[PDB]
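S.K.: Please find one structure pasted underneath; my questions will follow.
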Amino acid sequence: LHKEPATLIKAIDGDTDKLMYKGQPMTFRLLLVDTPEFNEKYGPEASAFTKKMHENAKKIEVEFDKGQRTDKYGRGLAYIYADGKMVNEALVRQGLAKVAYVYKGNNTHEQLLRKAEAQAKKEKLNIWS
Ligand SMILES: Cc1cn([C@H]2C[C@H](OP(=O)(O)O)[C@@H](COP(=O)(O)O)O2)c(=O)[nH]c1=O
Ligand SMILES: [Ca+2]
């Protein structure tokens, strides 16, 4: 897999953003994770966390997996990195997202995120509290 450039257009919520990619505005849905919706518990904390990670980033990058790059809603499916740090993993590691939506062929970083989830759970963090 490889990282490609993008620039923030807008934070949206825990697991979606709006980025400029190849010069076009797109909504991205983070691979392999599920944040609570804003109206749910930890939803606001998840949005804030993702927002901050995106907004404080000097450098945003997009990393597609091997499979479909867009979902049925037209959202890009990617791992997103803020200054080299994966947002998808960071959310899980903090217990602000669950590993979810693991579809065969876009699951390269499954075991990395599951390891983060086990640690967040051990620490009884947020969703696991
Ligand atoms: C993460 C992800 C979600 N989706 C779709 C499945 C779900 O369909 P449904 O909308 O029919 O439930 C939905 C969950 O996204 P959200 O968690 O953003 O709602 O997005 C994919 O198709 N591929 C993916 O890799
Ligand atoms: Ca969600």
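Labels used: A, B, ... for chains in the order of the structure tokens, numbers from 1 for residues in each chain, and numbers from 1 for ligands as shown.
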Identify, with DSSP run on backbone atoms, the residues in region 24-127 of chain A assigned to helix (DSSP H, G or I), and express the list as an NGL selection string.

M.R.: :A and (43-55 or 87-93 or 110-122 or 126-127)

S.K.: Pull N, CA and C atoms from the residues just selected and write them as an mmCIF file, in the first residue's frame.

M.R.:
```cif
data_model
loop_
_atom_site.group_PDB
_atom_site.id
_atom_site.type_symbol
_atom_site.label_atom_id
_atom_site.label_comp_id
_atom_site.auth_asym_id
_atom_site.auth_seq_id
_atom_site.Cartn_x
_atom_site.Cartn_y
_atom_site.Cartn_z
ATOM 1 N N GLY A 43 -19.871 9.934 20.756
ATOM 2 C CA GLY A 43 -19.937 10.527 19.426
ATOM 3 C C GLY A 43 -19.314 11.888 19.349
ATOM 4 N N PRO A 44 -19.703 12.810 20.241
ATOM 5 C CA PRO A 44 -18.995 14.090 20.245
ATOM 6 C C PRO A 44 -17.486 13.996 20.514
ATOM 7 N N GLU A 45 -17.055 13.123 21.433
ATOM 8 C CA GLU A 45 -15.616 12.930 21.758
ATOM 9 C C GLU A 45 -14.879 12.349 20.535
ATOM 10 N N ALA A 46 -15.575 11.508 19.810
ATOM 11 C CA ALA A 46 -14.978 10.944 18.589
ATOM 12 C C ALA A 46 -14.798 11.969 17.488
ATOM 13 N N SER A 47 -15.823 12.790 17.287
ATOM 14 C CA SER A 47 -15.740 13.846 16.291
ATOM 15 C C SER A 47 -14.642 14.794 16.607
ATOM 16 N N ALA A 48 -14.548 15.195 17.885
ATOM 17 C CA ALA A 48 -13.536 16.167 18.330
ATOM 18 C C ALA A 48 -12.159 15.618 18.097
ATOM 19 N N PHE A 49 -11.994 14.367 18.540
ATOM 20 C CA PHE A 49 -10.701 13.707 18.374
ATOM 21 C C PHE A 49 -10.225 13.654 16.895
ATOM 22 N N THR A 50 -11.082 13.142 16.030
ATOM 23 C CA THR A 50 -10.809 13.187 14.592
ATOM 24 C C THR A 50 -10.596 14.605 14.027
ATOM 25 N N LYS A 51 -11.434 15.554 14.463
ATOM 26 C CA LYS A 51 -11.337 16.933 13.994
ATOM 27 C C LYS A 51 -9.986 17.473 14.348
ATOM 28 N N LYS A 52 -9.618 17.336 15.622
ATOM 29 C CA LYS A 52 -8.320 17.835 16.097
ATOM 30 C C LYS A 52 -7.145 17.191 15.421
ATOM 31 N N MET A 53 -7.216 15.890 15.218
ATOM 32 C CA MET A 53 -6.121 15.215 14.585
ATOM 33 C C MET A 53 -5.972 15.736 13.163
ATOM 34 N N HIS A 54 -7.081 16.014 12.490
ATOM 35 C CA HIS A 54 -7.013 16.503 11.115
ATOM 36 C C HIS A 54 -6.507 17.947 11.047
ATOM 37 N N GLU A 55 -7.060 18.792 11.916
ATOM 38 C CA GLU A 55 -6.797 20.254 11.899
ATOM 39 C C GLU A 55 -5.383 20.630 12.387
ATOM 40 N N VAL A 87 -5.099 7.850 11.536
ATOM 41 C CA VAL A 87 -6.270 8.273 12.272
ATOM 42 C C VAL A 87 -7.116 7.054 12.634
ATOM 43 N N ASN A 88 -7.255 6.136 11.675
ATOM 44 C CA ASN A 88 -8.109 4.959 11.937
ATOM 45 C C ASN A 88 -7.585 4.240 13.218
ATOM 46 N N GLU A 89 -6.269 4.009 13.298
ATOM 47 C CA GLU A 89 -5.666 3.263 14.396
ATOM 48 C C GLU A 89 -5.813 4.077 15.694
ATOM 49 N N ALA A 90 -5.539 5.357 15.616
ATOM 50 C CA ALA A 90 -5.571 6.256 16.794
ATOM 51 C C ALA A 90 -6.927 6.279 17.457
ATOM 52 N N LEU A 91 -7.998 6.299 16.679
ATOM 53 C CA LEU A 91 -9.351 6.235 17.187
ATOM 54 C C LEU A 91 -9.585 4.945 17.952
ATOM 55 N N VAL A 92 -9.146 3.866 17.377
ATOM 56 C CA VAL A 92 -9.375 2.566 18.030
ATOM 57 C C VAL A 92 -8.562 2.551 19.320
ATOM 58 N N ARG A 93 -7.300 2.967 19.235
ATOM 59 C CA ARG A 93 -6.397 2.789 20.339
ATOM 60 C C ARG A 93 -6.935 3.550 21.549
ATOM 61 N N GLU A 110 -6.161 -4.805 9.310
ATOM 62 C CA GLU A 110 -7.059 -5.405 10.354
ATOM 63 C C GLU A 110 -6.363 -5.749 11.663
ATOM 64 N N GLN A 111 -5.250 -6.504 11.546
ATOM 65 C CA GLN A 111 -4.638 -7.016 12.749
ATOM 66 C C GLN A 111 -3.948 -5.913 13.556
ATOM 67 N N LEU A 112 -3.384 -4.929 12.866
ATOM 68 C CA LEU A 112 -2.886 -3.704 13.537
ATOM 69 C C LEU A 112 -3.964 -2.973 14.359
ATOM 70 N N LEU A 113 -5.176 -2.847 13.795
ATOM 71 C CA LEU A 113 -6.232 -2.167 14.525
ATOM 72 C C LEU A 113 -6.779 -3.065 15.640
ATOM 73 N N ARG A 114 -6.879 -4.365 15.407
ATOM 74 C CA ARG A 114 -7.377 -5.265 16.466
ATOM 75 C C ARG A 114 -6.430 -5.224 17.654
ATOM 76 N N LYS A 115 -5.131 -5.084 17.385
ATOM 77 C CA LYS A 115 -4.172 -5.047 18.484
ATOM 78 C C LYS A 115 -4.423 -3.751 19.301
ATOM 79 N N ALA A 116 -4.711 -2.659 18.599
ATOM 80 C CA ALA A 116 -5.022 -1.391 19.264
ATOM 81 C C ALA A 116 -6.325 -1.493 20.083
ATOM 82 N N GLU A 117 -7.327 -2.141 19.518
ATOM 83 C CA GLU A 117 -8.590 -2.338 20.217
ATOM 84 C C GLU A 117 -8.397 -3.143 21.509
ATOM 85 N N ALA A 118 -7.614 -4.224 21.455
ATOM 86 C CA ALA A 118 -7.352 -5.012 22.644
ATOM 87 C C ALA A 118 -6.701 -4.172 23.750
ATOM 88 N N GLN A 119 -5.780 -3.288 23.359
ATOM 89 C CA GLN A 119 -5.130 -2.391 24.335
ATOM 90 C C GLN A 119 -6.089 -1.348 24.972
ATOM 91 N N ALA A 120 -6.907 -0.700 24.139
ATOM 92 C CA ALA A 120 -7.955 0.204 24.613
ATOM 93 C C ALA A 120 -8.922 -0.486 25.554
ATOM 94 N N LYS A 121 -9.307 -1.713 25.216
ATOM 95 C CA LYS A 121 -10.189 -2.495 26.061
ATOM 96 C C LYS A 121 -9.533 -2.866 27.397
ATOM 97 N N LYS A 122 -8.249 -3.216 27.350
ATOM 98 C CA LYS A 122 -7.499 -3.595 28.556
ATOM 99 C C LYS A 122 -7.514 -2.371 29.483
ATOM 100 N N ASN A 126 -12.811 4.866 27.348
ATOM 101 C CA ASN A 126 -13.949 5.410 26.643
ATOM 102 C C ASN A 126 -15.091 4.401 26.379
ATOM 103 N N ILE A 127 -15.237 3.969 25.136
ATOM 104 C CA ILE A 127 -16.237 2.976 24.814
ATOM 105 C C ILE A 127 -16.125 1.698 25.643
#
```

S.K.: Write down as a PyMOL selection string the residues belonging to region 5-129 of chain A that are assigned strand (DSSP E) by DSSP computed on the backbone.

M.R.: chain A and resi 5-11+16-21+24-30+33-34+60-63+76-82+85-86+98-99

S.K.: Please provide the set of residues having any atom within 12 Å of residue 3 (chain A), restricted to only C-alpha atoms, with same-chain residues fewer than 3 positions apart removed, written as a ChimeraX atom specification.

M.R.: /A:6,21,59-65,78-86

S.K.: Output C-alpha atoms of each residue in that selection to a file, as a PDB file, in the first residue's frame.

M.R.:
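The resulting again-v3.pdb:
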```pdb
ATOM      1  CA  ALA A   6      -4.540  15.224   0.210  1.00  0.00           C
ATOM      2  CA  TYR A  21      -7.727  14.392  -3.336  1.00  0.00           C
ATOM      3  CA  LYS A  59       0.416  16.803   6.286  1.00  0.00           C
ATOM      4  CA  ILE A  60      -2.638  14.671   5.477  1.00  0.00           C
ATOM      5  CA  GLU A  61      -2.264  11.513   3.389  1.00  0.00           C
ATOM      6  CA  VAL A  62      -4.610   8.975   1.949  1.00  0.00           C
ATOM      7  CA  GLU A  63      -3.834   5.277   1.668  1.00  0.00           C
ATOM      8  CA  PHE A  64      -6.224   3.112  -0.286  1.00  0.00           C
ATOM      9  CA  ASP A  65      -6.310  -0.598   0.306  1.00  0.00           C
ATOM     10  CA  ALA A  78      -9.063   4.757   2.906  1.00  0.00           C
ATOM     11  CA  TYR A  79      -6.662   4.777   5.805  1.00  0.00           C
ATOM     12  CA  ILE A  80      -6.014   8.408   6.617  1.00  0.00           C
ATOM     13  CA  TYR A  81      -2.705   9.637   8.159  1.00  0.00           C
ATOM     14  CA  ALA A  82      -2.033  12.885  10.007  1.00  0.00           C
ATOM     15  CA  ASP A  83       1.676  13.633  10.113  1.00  0.00           C
ATOM     16  CA  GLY A  84       2.401   9.877   9.552  1.00  0.00           C
ATOM     17  CA  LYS A  85       0.021   8.701  12.273  1.00  0.00           C
ATOM     18  CA  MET A  86      -3.020   6.709  11.190  1.00  0.00           C
TER      19      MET A  86
END
```

S.K.: Go through chain A and flag each residue having an atom no more than 6 Å from ligand 2; for those, report the closest pair of atoms plus their distance in Å to one decimal, using only C-alpha atoms and all ligand atoms, ordered by chain and rising number, as a tab-separated table.

M.R.:
```
residue	atom	partner	partner_atom_place_in_ligand_line	distance
A:34	CA	ligand 2	1 (Ca)	4.7
A:35	CA	ligand 2	1 (Ca)	4.5
A:36	CA	ligand 2	1 (Ca)	5.3
A:37	CA	ligand 2	1 (Ca)	5.3
```

S.K.: List as a PyMOL selection string the protein and nucleic acid residues lying within 8 Å of ligand 1, with only C-alpha atoms and all ligand atoms counted.

M.R.: chain A and resi 15-16+29-35+37+70-73+77+100-103+106

S.K.: Counting only C-alpha atoms, figure out which residue out of A:41, A:99, A:69, A:105 gets nearest to residue 129 (chain A).

M.R.: A:41

S.K.: Can you tell me how far CA of residue 19 (chain A) sits from CA of residue 58 (chain A), in Å to one decimal?

M.R.: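 Separation between CA of residue 19 (chain A) and CA of residue 58 (chain A): 13.7 Å.
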
S.K.: Can you work out which one of A:18, A:10, A:125, A:26 has the shortest atom-to-atom distance to residue 97 (chain A), counting only C-alpha atoms?

M.R.: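 Closest residue, counting only C-alpha atoms: A:125.
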
S.K.: From the list A:8, A:14, A:66, A:95, which residue is nearest residue 123 (chain A) when using only C-alpha atoms?

M.R.: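 Residue with the minimum atom-to-atom distance to residue 123 (chain A): A:95.
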
S.K.: Identify which of the residues A:20, A:27, A:9, A:42 lies closest to residue 74 (chain A), counting only C-alpha atoms when measuring atom-to-atom distances.

M.R.: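 Among the listed residues, the smallest separation from residue 74 (chain A) belongs to A:27.
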
S.K.: Which residues are close to residue 22 (chain A), i.e. within 10 Å by only C-alpha atoms, leaving aside same-chain residues fewer than 6 positions away? Reply as a VMD selection string.

M.R.: chain A and resid 4 to 7

S.K.: For the selection you just gave me, I'd like the residues written to a file as a compact mmCIF listing (two decimals), in the first residue's frame, keeping C-alpha atoms.

M.R.:
```txt
# COMPACT_ATOMS: atom_id res chain seq x y z
CA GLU A 4 -0.89 9.75 -1.40
CA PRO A 5 -1.36 13.44 -0.74
CA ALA A 6 -4.54 15.22 0.21
CA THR A 7 -5.48 18.41 2.02
```

S.K.: Out of A:39, A:68, A:1, A:57, which residue has the shortest atom-to-atom distance to residue 13 (chain A) when counting only C-alpha atoms?

M.R.: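 For residue 13 (chain A), the nearest of the candidates is A:39.
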